[PDB]
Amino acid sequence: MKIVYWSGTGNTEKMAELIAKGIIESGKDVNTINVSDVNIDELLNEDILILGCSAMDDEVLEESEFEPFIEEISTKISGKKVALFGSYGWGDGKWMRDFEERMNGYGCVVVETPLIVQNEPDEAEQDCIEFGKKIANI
């Protein structure tokens, strides 16, 4: 499987690493890829797309790299399974509710409840690992 993410200070990156750890612990292989290094064509062959991005202002996806990526793949992912995650700061998850609505709008099947964590995982570490285990059970 593959995990694609954008992280500005490392919070979401840390989540990505933990989610990957859960998938691997379940006996499966997974590669984490920063959005700047992703190859679209290779990503489109995946069964499940695991995507992550922190909340930028105001309650939107990161604009310079992550959103353009989402826009680019939007017309090629109908029927695909996706799992969403991200770290946020002061909000209540509005950016994620919108991210989930958007992916469903493109015809994607959002397989699990999106995982959101405030700031760095730390206390939510096991939660991240378990989220990965849930995805490996799909």
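Note that residue numbering begins at 1 and tracks the sequence as displayed.
A summary of the deposited B-factors shows that, of 78-86 and 48-56, the stretch with the larger mean C-alpha value is 78-86. Stretches 92-100 and 59-67 differ in mean CA B factor, with 59-67 having the higher one. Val4 sits in the lowest third of its chain by CA B factor, as recorded in the PDB entry.
Among the modelled residues of its chain, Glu123 has a C-alpha B-factor that falls in the highest third, as given in the PDB entry.
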